[PDB]
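Below is one structure; the comments refer to it alone.
Note on naming: letters A, B, ... go to the chains in the order of the sequence lines (proteins, then strands), and numbering restarts at 1 for each one. Just the heavy atoms: all of them, side chains too, but no hydrogens, waters or symmetry mates, feed the values below.
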Amino acid sequence: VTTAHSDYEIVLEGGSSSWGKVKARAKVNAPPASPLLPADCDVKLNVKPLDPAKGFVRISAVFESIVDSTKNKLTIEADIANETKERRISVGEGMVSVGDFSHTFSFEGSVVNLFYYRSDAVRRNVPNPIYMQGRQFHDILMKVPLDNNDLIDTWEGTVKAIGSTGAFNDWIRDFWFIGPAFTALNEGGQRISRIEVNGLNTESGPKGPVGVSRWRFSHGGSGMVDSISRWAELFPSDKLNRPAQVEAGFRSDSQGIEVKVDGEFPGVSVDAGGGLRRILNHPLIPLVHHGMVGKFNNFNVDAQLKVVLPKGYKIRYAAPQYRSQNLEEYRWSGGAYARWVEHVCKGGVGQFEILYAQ
Amino acid sequence: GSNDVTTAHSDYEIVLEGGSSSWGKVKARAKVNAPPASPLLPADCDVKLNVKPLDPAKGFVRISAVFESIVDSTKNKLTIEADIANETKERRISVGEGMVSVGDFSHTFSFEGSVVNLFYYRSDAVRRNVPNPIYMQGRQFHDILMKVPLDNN
Amino acid sequence: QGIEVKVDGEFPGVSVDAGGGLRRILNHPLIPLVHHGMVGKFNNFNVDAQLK
Amino acid sequence: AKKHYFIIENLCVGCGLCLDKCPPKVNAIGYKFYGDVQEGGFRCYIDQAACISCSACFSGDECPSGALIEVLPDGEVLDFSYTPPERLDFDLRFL
Amino acid sequence: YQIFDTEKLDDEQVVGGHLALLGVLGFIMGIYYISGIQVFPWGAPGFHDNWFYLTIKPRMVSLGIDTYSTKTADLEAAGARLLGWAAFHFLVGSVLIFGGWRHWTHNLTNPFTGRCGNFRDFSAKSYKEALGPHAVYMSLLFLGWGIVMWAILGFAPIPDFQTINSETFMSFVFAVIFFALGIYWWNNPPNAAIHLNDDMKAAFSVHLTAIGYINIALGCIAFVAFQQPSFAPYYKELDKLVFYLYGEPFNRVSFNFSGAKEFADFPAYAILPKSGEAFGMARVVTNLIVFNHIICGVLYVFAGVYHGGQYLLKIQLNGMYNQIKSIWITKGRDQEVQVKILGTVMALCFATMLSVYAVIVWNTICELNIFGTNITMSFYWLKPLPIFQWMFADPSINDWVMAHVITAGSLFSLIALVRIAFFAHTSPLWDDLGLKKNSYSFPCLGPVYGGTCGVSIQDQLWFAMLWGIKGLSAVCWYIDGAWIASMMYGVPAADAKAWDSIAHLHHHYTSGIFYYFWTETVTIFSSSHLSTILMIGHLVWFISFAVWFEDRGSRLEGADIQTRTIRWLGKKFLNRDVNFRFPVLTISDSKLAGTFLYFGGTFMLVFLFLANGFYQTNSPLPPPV
Amino acid sequence: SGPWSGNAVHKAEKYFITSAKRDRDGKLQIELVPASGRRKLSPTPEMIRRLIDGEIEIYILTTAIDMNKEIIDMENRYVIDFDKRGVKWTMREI
Ligand code: BCL
Ligand code: BCL
Ligand code: BCL
Ligand code: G2O
Ligand code: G2O
Ligand code: SF4
Ligand code: SF4
Ligand code: SF4
Ligand SMILES: [Ca+2]
């Protein structure tokens, strides 16, 4: 049987704005594919405009989890800006703590995104492009203070491994993507190149030695990768005129999974040409990645998508059909919507499109 | 109670010929009520494959293929037409031409190709102990020379 | 909301010799099966068919 | 404002449904006869000096001849506020 | 009149409204029960017969609640039982209405315990998962009815299909099969997939049209069943009774009130006793029951098709019409089957009624001897085939025309229904030009191309109702014994009184089609109550012309002129007492209002044909030589 | 094709000319915009070949007088290159 109870809400804003509120609840009675149970997690994402002249924004992220009687925490906090429309700059710092061990770090990064082609026919014959092949290049300089015995041990072991073996650059990818993540890398459509180390140094600092490393890598995609094909959509620096948030939490166990999500941010709705707007095309990486854990138990589906529009907006060409119009709201439940939900909770990437106008 | 219904209606037919002939007619119908895993919908397509014997002395045959599709309010067409022959039992030669058109853009091409297929082994015990072999490892090599006229910007 | 299919064909190679005077339908190709298996696991379904 | 509406002359049939929605303070839509009104001789029109771009004339989805267009602010021309996705069809027979 | 439209309600409000309506039905049934009381158990000479209770009296007498007798104990017991059942109905109806309140406002919470309830699980997500448990729910209704009869009313379940004990036996047999069918659909839901998405308009329309044919089936079943020897104790025991109705010809009173009135009857203004066996009461009640379900059955069919069109149009405007796998859509989404299907039905309709109308006039010509013809030249020999003569008693020519008028009448209305089904958005002519349909209720498009009136699908519904009058009215004549075979009969003009003997009718029908009106109204004019219904029905009907003719613009003229008279007349006769500005119905409202006056006015009068007596003799009417 | 695909008003896909800018070539800027208005196309001899057969119609929108080769009668006989004569719609508000 294994019913799957889920509850969704989108709330939009009028005019030329693109902001939106998102709310989500979920429940299943199926065992998660985690070789360590139970597992709990909360995520806070916040972002505020540092200053619009430079385009600089400040973004924070906090993770706590309890994984089989073990507390894990990861804090990161950074400043990001688009230096060009295909280069991005970031300066940030954070820390990671597991059990009793903990250490901080400060990074200094740049990212460059390149597409394999720029043909304008692809721009005048296809109104809604989806797949777009390209490659990203990351250049990272990170400094970590060495104060613990274990930090010094890791540092010396890494220096010895980098010095001695000639296949460090490609074997590091084995340690990098631990467990099933590596497998997804092939299927999710990505390709990680061999890293290239530009030098590991150690310098005296405030309290003691600090290990400085700078390295470069690249990863390409066939179009399914959102971070490449949709480089412009995922960092809306224009509409961040007020702080935005994303705030989620799951709590897994030996008998089903619990989900809870809030969010409010721009980029929810985009122009679709001819005066009509649309909900943004659903990202594909989460769908195909979750499809690797969603095929283990056949399940029953019930859900309710509830979309609230501003004054004077109408939904036209909603595929599949909605069920009710409470004069501003549209509700989807059962039938073809339920079939589509069951389809996408197993890795399917079929399109459920909503167009609205005024 | 139980889970989703989603009946799948399908209809198949094979019709054979007698004697030492190997010809056959194949017919198929199918229907499902499930959403296709296409991030662009709707999507339609027709395919025509035809082949006629160019001449048996050389072994040359002529093969055509036409594709039309409408993918989310976008017409796509691909035509290819070629002549193929087995120069050896592990080499194949082909001379053909075609065109591809999407929306308003369109362009033609003419290709000139050879393909070589090689197996990793030829052990005859594999041929006298197994009556119906299935898996057979090997490698193919393609050599292509294609010309496309440059007329559009 | 579902998929429609329609196929005609007529060509040689449908039946092959199987040794000992018996013939057989050709061994089913494997690439189409495994390739379609990457889209056929998304919805559990009921089955009815003829082969004639 | 932007996005004018521009009733087409040659396609209009004079049903007048376009004229109903325009607010009474704005008599931007009118009639023209020039002949006998039984073979299509009373086609209507839009006055551009009074229209205030309500979109009541286009968003109502009432024109049956496709005579209202609602040209976009930059250069684009519409004909109806949404169009089906133009598939293509055949016949089936389950054997 | 679209306050309760389907696209504005969610799923629970349907359940709440249904429960409330069931409660209202219980209230009105109790009202009927105490309307059928004669003596009032304490003793209070009660009510006189009315048509509402006389329709249900045989069912009560079959159930051993009411009785056919006039004694001391009998009426006292019947009144007590009726009061008890009415009170029970009132109680259950109140409970049901309270439950309607509970389901309408999303408040499924227990009053005793502080519990809640989710409409999702307590289950089913879609309607096909709901079909299943409903069959289990109905198996309980059949089971309960067998229990109610056996425990309370006696009537132990016995398979004897001549007495009512078979009904008790059958309710247990049905509860077996509906339960067994219920489990299988709970595990294997069936699949017409499109009815789940817009499930409160699509699935509703299919059910409404399906219920329409069911009502027609029970309409015909009742007519055959009620004339069997098994049903004799409950239906033609009515004949040897004497009835006192409201609106009866009463004890008249002179101006001397003295005043030698009437027969010897102590009450003044007394209601005269009316014999129920010269008056064909046994058949009158049967006709009333049967006709109610036939006309309601037909109307549900038209509505079910009309609402299917409202859905069908909607999925063609957004775009999903191209997007259905259901075979119930692909069989007509071609525009070359539609012409062939509509062509083959409009030609069969042509071939059929022209055949009967040729026969009817030729028979009518032959009586009056127009153009020097005899009745021997008529179709007095066209009997149904001997393999079809079992479904009729006394097969003759009158049956032949009836069996074809029904076909001719039905297919004549099917033309409108098909044109609702197919040409909701586009028609071959409308796509022949560049044109749309966008509102399912737009009245026209203007005088272009000579006129474009009544092309929308709501107008097509009106014509199906208007064309359906001929088919429906043909039933009223036939079941009342009206000799629809020729349009004059029993007329003392030339040969109408000859049909009897040259055809060996072995019965005697009332009259012909025209002569139907002159006869029958002998009794209608005798009753003052029936006389008022006659005047009211004719007044309502002809008002339809005020809104059905092409005059709406003309009426918009006078409203403006009127507004200025009541404006200039409050000027110098009386002082300022006037601000009112006359409204005229729009064309869409004009047709909606016109069809109701036309359809309502004509059928309030059809009631007079049925509820005035049977008057079909059995005398072969010897020749007029 | 079928009446239920695309728009029901038209017998085939309709296009309009929206831009007439002169860029060193006179009339490079023929911008064929469809009825739905999601693209901005050009003459593009593939468009011309699908025009000439049965499937494209273009219109001129009285809101490149000679550069589109008006010929000589009824004030309108617009031809594109040699073959097909793009009919035009009128919107005279006066
Ligand atoms: C995931 C796919 C690609 C990837 C795609 C990107 C993209 C895209 C970007 C970076 C950028 C960065 N990446 Mg990288 N990067 C990857 C793998 C890595 C790895 C590693 C060991 O694997 C490292 C060290 C880095 C390092 C870095 C830094 C150089 C830089 C800034 C990080 C940041 O700001 O932190 C902050 C950390 C987070 C906020 C954690 C939350 C991350 C998730 C994905 C955010 C989800 C957004 C949520 C859906 C909506 C949020 C809205 C809220 C309103 C804010 N990347 C993988 C391979 N990387 C950024 C950059 O350009 O810097 C110049 C950038 O835009
Ligand atoms: C971008 C990744 C974060 C990071 C995130 C984590 C996480 C997450 C964990 C640790 C953990 C630990 N960290 Mg650390 N760690 C980083 C930077 C460092 C550096 C350094 C010189 O920069 C050192 C010495 C360490 C040292 C240590 C290990 C001794 C310790 C437990 C073993 C482990 O799995 O390590 C993991 C080692 C790393 C992820 C990379 C170490 C970098 C090496 C030493 C220097 C760079 C070499 C090479 C050029 C970079 C290759 C790219 C990476 C493979 C992706 N970290 C960077 C800043 N670190 C564990 C812990 O906290 O408690 C057990 C653990 O779970
Ligand atoms: C698909 C698996 C292999 C592949 C396997 C083969 C095989 C096997 C052959 C070729 C051959 C060719 N391939 Mg290769 N080839 C592949 C990928 C490519 C790619 C590319 C960009 O990816 C290119 C450019 C080519 C190019 C070419 C040309 C050099 C050459 C002739 C093509 C042809 O005649 O066209 C015509 C195009 C078609 C007819 C399209 C229809 C193709 C499908 C697979 C046919 C299905 C047959 C159907 C089931 C039954 C048809 C029966 C009807 C009665 C005819 N190949 C992939 C990697 N290639 C042929 C050759 O040898 O030339 C010397 C050959 O025999
Ligand atoms: C389309 C199918 C229909 C019918 C066939 C039908 C027949 C019919 N109708 Mg009708 N009718 C609807 C349709 C049909 N209604 C609809 C849709 C509506 C709107 C809802 C409607 C309305 C009303 C109203 C209001 C009234 C009637 C009548 C009424 C009856 C009288 C006609 C008659 O006598 O024919 C004359 C019949 C003869 C046999 C002629 C006898 C002459 C001579 C010997 C010779 C004449 C020469 C020749 C024979 C003429 C015929 C040539 C032919 C054979 C080639 C008659 C039986 C009238 C009355 O009955 O009034 C008492 C009346 O006033 N309806
Ligand atoms: C007995 C039936 C009728 C009237 C009563 C009447 C009344 C009326 N009609 Mg009419 N009418 C037809 C029947 C009746 N038309 C038919 C069958 C056609 C189709 C041929 C038709 C057609 C047109 C056209 C085309 C026009 C009009 C008008 C126009 C107005 C004129 C003002 C007037 O003469 O003042 C004098 C008006 C009166 C003295 C009305 C007083 C009556 C008293 C209260 C009797 C009671 C009425 C009834 C018994 C009570 C209603 C109960 C029912 C609901 C159960 C005026 C209200 C005109 C206007 O609307 O404006 C000028 C117009 O243009 N018609
Ligand atoms: S847009 Fe507004 S002002 Fe302009 S014609 Fe339409 S309704 Fe009138
Ligand atoms: S609705 Fe269309 S056809 Fe009718 S008058 Fe307006 S523009 Fe003309
Ligand atoms: S008379 Fe009435 S129905 Fe006829 S064209 Fe004019 S407005 Fe339309
Ligand atoms: Ca009578």
Side-chain angles (χ1 to χ4, degrees), chain B residues 1-39 41-53 56 61 63-65 70 127-137 140, chain C:
Chain B
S2 185
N3 304 290
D4 208 295
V5 183
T6 299
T7 55
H9 300 284
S10 64
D11 257 340
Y12 305 79
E13 182 140 9
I14 305 187
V15 176
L16 306 184
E17 293 180 354
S20 65
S21 172
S22 178
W23 281 73
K25 300 162 136 291
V26 177
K27 183 88 93 142
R29 291 338 179 207
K31 183 178 179 180
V32 175
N33 289 337
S38 175
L41 291 181
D44 313 328
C45 187
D46 184 1
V47 179
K48 256 182 216 194
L49 295 174
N50 313 312
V51 62
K52 58 171 180 174
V61 305
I63 179 167
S64 296
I70 291 193
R127 299 196 244 175
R128 86 175 174 249
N129 278 342
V130 184
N132 198 18
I134 298 297
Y135 296 80
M136 181 55 184
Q137 318 93 330
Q140 277 180 357
Chain C
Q1 293 177 335
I3 309 165
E4 183 65 13
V5 185
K6 181 180 56 46
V7 180
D8 289 345
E10 174 169 2
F11 40 76
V14 177
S15 72
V16 303
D17 179 34
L22 282 72
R23 299 183 59 87
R24 60 144 57 87
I25 306 300
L26 75 164
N27 301 316
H28 195 294
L30 303 184
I31 290 299
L33 286 186
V34 310
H35 276 191
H36 172 275
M38 301 166 67
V39 296
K41 300 199 187 76
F42 297 144
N43 292 94
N44 52 4
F45 55 91
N46 269 319
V47 175
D48 56 353
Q50 293 177 335
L51 184 93
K52 164 180 149 180

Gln50(C) vs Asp11(B) side-chain heavy atoms within contact, under 4.5 Å:
yes
Spatial distance of atom CG (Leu41(B)) from atom CD (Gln1(C)) [nearest 0.5 Å]
10.5 Å
Heavy-atom contact with chain C under 4.5 Å, split by part of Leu16(B):
side chain
Which residue is it: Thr6(B), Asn3(B), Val5(B)? I am looking for the one with a side-chain contact (heavy atoms from CB on, under 4.5 Å) to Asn44(C).
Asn3(B)
Quick one: which of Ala37(B), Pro36(B), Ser20(B) has the most heavy-atom pairs under 4.5 Å with chain C, could you say?
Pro36(B)
Given heavy-atom pairs under 4.5 angstrom as the criterion, report whether the side chain, backbone, both or neither of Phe42(C) touches chain B.
side chain
Suppose a student defines contact as a heavy atom less than 4.5 Å from any heavy atom of chain C. Which residues in residues 21-31 of chain B would they list?
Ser21(B), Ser22(B), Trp23(B), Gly24(B), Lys25(B), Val26(B), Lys27(B), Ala28(B), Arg29(B), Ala30(B), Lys31(B)
Side chain / backbone / both / neither for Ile134(B) at chain C, heavy atoms under 4.5 Å
side chain
Side-chain donor-acceptor pair present, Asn132(B), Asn27(C), cut-off under 3.5 Å
yes
Work out which heavy atom in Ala34(B) is nearest to a heavy atom in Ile3(C); give both atom names and the distance.
O-CG1, 4.0 Å
Side chain from CB out, backbone as N, CA, C, O: work out which of these in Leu26(C) comes under 4.5 Å of a heavy atom of chain B, or both, or neither.
neither
Distance (rounded to the nearest 0.5 Å) between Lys48(B) NZ and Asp8(C) CG:
12.0 Å
Does the side chain of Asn43(C) reach to within under 4.5 Å of the side chain of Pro35(B), using non-hydrogen atoms?
yes
